[PDB]
Structure formats: structure tokens, C-alpha cells
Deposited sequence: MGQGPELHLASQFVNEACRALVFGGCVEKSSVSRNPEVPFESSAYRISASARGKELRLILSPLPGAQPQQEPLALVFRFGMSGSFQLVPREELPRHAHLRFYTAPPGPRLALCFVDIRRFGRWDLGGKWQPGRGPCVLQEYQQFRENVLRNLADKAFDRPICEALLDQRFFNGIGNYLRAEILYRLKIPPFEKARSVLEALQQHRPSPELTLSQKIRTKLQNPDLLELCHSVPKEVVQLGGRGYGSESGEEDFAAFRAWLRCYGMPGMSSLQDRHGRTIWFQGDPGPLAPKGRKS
């Protein structure tokens, strides 16, 4: 997922778990090389928030829950196939690698972190990744200042299409979003990052870094993805103007990732 997917996943956990009570331990698949979550409670609520391409779960025991336990926070990154689902306990999807189980009363459901390719990761801390910049969705003004303060950084030597993936400055921006963002401004993907950014110091490249992914969120649905029908997925394919679309050029950036664009590749093209 990218920021919209991480953001919509957090909204999903919050709405789906609002009137649910979990109990017991936090179960991990045998094959997952991520850490065992040391946590047990007779009764606890799960909530979420999203920051860029990371999602924080808070496991929050109720008054009187046993064993005695302070709230616990997990941060997740999704890599290529991470996701959250609420399923019936005996119908776990195949790659459900971490699982929170409802307590009686009611239907026994499982909140599952599902990650086919297992590029996703979680940490016990609860801290955001040091070095990741502010959320382009929820921290726009902080994100905007963080780029304009640091144009001197060597990151901005690189072509614009590569800089937009550097999560130190564009936390939340991934492959589809960089294509869609540059297509909106007809900015060649291999223009130099510093060149396009120095200008700003209406809608400019940094503003679109916020407004474009906000468009994905306001589709409702589950971004690139279909957790709420194939209808929501068709809604997304329709929103796209550039990424994967017929009549568009594509190249490889210096890290082998496909950038989609119209017309001028730009000066720093391979």
C-alpha cells in the first residue's frame, strides 16, 4: 500500500473494531520472520492511525481486564501486499501472519494482518520510523517545510521521479502516486528534483503530493486494492490517468522501478 491504502486500512480497523472486544494473545504465523507480540488481555479494544506509509495499532485493555497490562502499540509497514481484514476465526485467509481474536459475546471474528509476499514488517516500539518525513496526508504543512528546508540535501540531485519515492521527504508517496502527481503538472519524470522544487519557496508539485493521494482516500474504497468489492477497484482503475494507462510512456528509474509519464522523458533520463 501507499499512504491512501495505509490511511484507509487505519479507517477500516477503527470502524470495524469500534464495537468489538478482543481477548487472549496476539497470534503470529509460523513462517513470519517478524517478532512475536508479547500481549495478553481478557478484554481489549484495537484502534489505528496512519502516518505516511506506516500504520500504528493500539491494543487497549478495558478496566479490570486480566492479566494486568498497559496499552501496547505496534507499527506496521505493508510492503507490496500488506493489508488488514476482519474474517470469521475459522476462515483465516492464507497469508494471515498476525491475528487478534474477538472475545465472547457474539460471532468469533479475527482481525488479521495479511501479507502474501511478506515484504511487510512490524515493530514492538510504537514509534514511527526515525528518518521518515511527515505524512503528506495528515501533516501537509510540516511535510512541505521539511522539503523546502532541505533542498541542499543530495536526495534532490536525483531526478524528480526518484526523489518522490524517498520516504525521508515524501512519506506516503509510492509508484502510482508519483506517476499521477507528475502527470497532473506535465513535469518530465527525469527533470532534476532540485530544479522543480527550487521554484517554490496555484497547485504546485508539493501541494499535489497532498491533494492527489487525498483524492484516492475520498474515493472511499481501499485505494489500489479491493477489500470492499471489485466495484471499489474499478472506481480506482477509473481515477488513474497515467499509471499503467494505454498511450503512456514508461521507463525504469535507477532502482529498476517503472515510472509512467506523457511525452518529454526529461534531461536525466537513462
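Q.
In sequence order, which parts of the deposited sequence are missing C-alpha coordinates?
A. Model skips 1, 203-221, 291-295 of the deposited chain.
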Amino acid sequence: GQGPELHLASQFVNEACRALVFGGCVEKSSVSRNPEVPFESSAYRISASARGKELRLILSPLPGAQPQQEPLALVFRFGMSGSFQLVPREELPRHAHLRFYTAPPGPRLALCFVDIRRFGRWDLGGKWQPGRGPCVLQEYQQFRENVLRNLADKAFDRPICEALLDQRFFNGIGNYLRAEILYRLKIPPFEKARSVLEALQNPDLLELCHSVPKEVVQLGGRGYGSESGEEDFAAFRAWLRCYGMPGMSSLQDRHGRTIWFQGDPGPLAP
From here on, numbers count along this sequence of modelled residues.
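Q | Of 223-231 and 51-59, the stretch whose C-alpha atoms average the higher B-factor in the entry | A | Mean C-alpha B-factor is greater for 223-231.
Q) Out of 63-71 and 41-49, which stretch has the higher average CA B-factor listed in the record? A) Result: 63-71.
Q) Of the choices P107, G174, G133, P189, which one's C-alpha carries the largest B-factor in the record? A) In this record, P107 carries the highest C-alpha B-factor of the candidates.
Q | Identity of residue with top Cα B-factor, from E90, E139, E162, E180 | A | Comparing C-alpha B-factors across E90, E139, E162, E180, the maximum falls on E90.
Q. Would the CA B-factor of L251 place it in the lowest, middle or highest third of its chain?
A. Tercile = middle for this residue's CA B-factor.
Q: Would you mind ranking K214 by its C-alpha B-factor against the rest of the chain and naming the third, lowest, middle or highest?
A: Tercile = lowest for this residue's CA B-factor.
Q. Would the CA B-factor of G1 place it in the lowest, middle or highest third of its chain?
A. As the PDB entry reports it, the C-alpha B-factor of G1 lands in the lowest third of its chain.
Q: Can you work out whether the C-alpha temperature factor of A16 puts it in the lowest, middle or highest third of the chain?
A: According to the entry, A16 has a C-alpha B-factor in the chain's middle third.
Q: Sorting the chain's modelled residues by C-alpha B-factor, tell me whether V31 ends up in the lowest, middle or highest third.
A: Highest third of the chain for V31's C-alpha B-factor.
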